[PDB]
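What follows is a single chain, given as structure tokens, in the form deposited in one PDB entry.
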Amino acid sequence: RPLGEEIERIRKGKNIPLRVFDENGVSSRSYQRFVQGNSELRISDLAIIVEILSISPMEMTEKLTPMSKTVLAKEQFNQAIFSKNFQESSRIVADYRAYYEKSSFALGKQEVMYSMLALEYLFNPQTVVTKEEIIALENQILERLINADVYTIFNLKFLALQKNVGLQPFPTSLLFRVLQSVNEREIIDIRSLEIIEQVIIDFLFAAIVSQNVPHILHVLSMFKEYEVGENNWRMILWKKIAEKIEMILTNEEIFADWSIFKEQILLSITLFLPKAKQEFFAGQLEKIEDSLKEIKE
């Protein structure tokens, strides 16, 4: 659902007549054509309209989400793979590949291409997508990342997908760079938070499992810098888990303390998790505990 339409919906739903736009110096005519599709609209005018309709800033940026050929093809593709419709998903990747190779370069297009290849490869038992294609494209995107000095949340999406695909080693130092860049601002979008939270939890888990103590400490320090709201109880808990690990690695606490902690957790997660998720979480804790025990040899 397009922006013009959405604004018309708020405007009629809030009984604001067209005259008000004109009183605020936004031509109603140009506006009518904005909702209609016969004209564009400057962002300054949109700002005036959102104050008129008492729309919130996030409420506004949320609608700015474009709808290109790429965006459309990618939502069709996602709905195809998630509904297990693999004929559609295959045909959409082939079409999109042709469009991608003939049209103009865009990073958003590149990341969508990679994403289609990756998901087709991971979920379609009869995909024709090859590991070679995936790796060629992967290496283009990784090289852009290496040479970049600014990162955004879609770069982090790309790294989580690359790690799930598992065709090449995961670039660790690069993950640090991406996290640092993305986290220089306060993250306000719950979908980005979901991605970041999952990446850091997995990152901490993989680090413990490696038993590389300088690396574990590095990950731990990133984790202690990562800010979580007081109402984000799950991340509050992972911060406490990371802190307990830090205290055992540095001989500030002993395994008895860890066990007391772990038992408390295991009794609490009944309230928040389905029992499947519960068993997984416990499994993670046992693996952490084992790696820790082995580190303290």
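Position 1 is the first residue in the sequence shown; the rest follow in order. Only residues modelled in both forms are compared. Whichever C-alpha set is largest while still superposing within 1.5 Å between the two forms counts as the rigid core.
From this point on, the text means the form deposited in another entry, which you will not see here.
Trainee: Which of the listed residues (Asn38, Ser54, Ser44, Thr65) moves its Cα by 2 Å or more between the shown form and the other one when the core is kept in place?
Mentor: C-alpha shift of at least 2 Å: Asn38.
Trainee: Closer or farther: the C-alpha atoms of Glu40 and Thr61 in the other form, versus the form shown, with a change of 3 angstroms or more?
Mentor: Compared with the shown chain, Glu40-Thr61 is farther in the other form.
Trainee: Work out the direction of the Cα-Cα change for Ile49 and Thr61 in the other form: closer or farther than in this form? It's 3 angstroms or more.
Mentor: Residues separate in the other form, at least 3 Å farther apart.
Trainee: With the two forms aligned on the rigid core, where do runs of 3 or more residues move by 2 angstroms or more at the CA atoms between the shown form and the other one?
Mentor: Three-plus residue runs displaced between the shown form and the other one: 36-38, 60-64.
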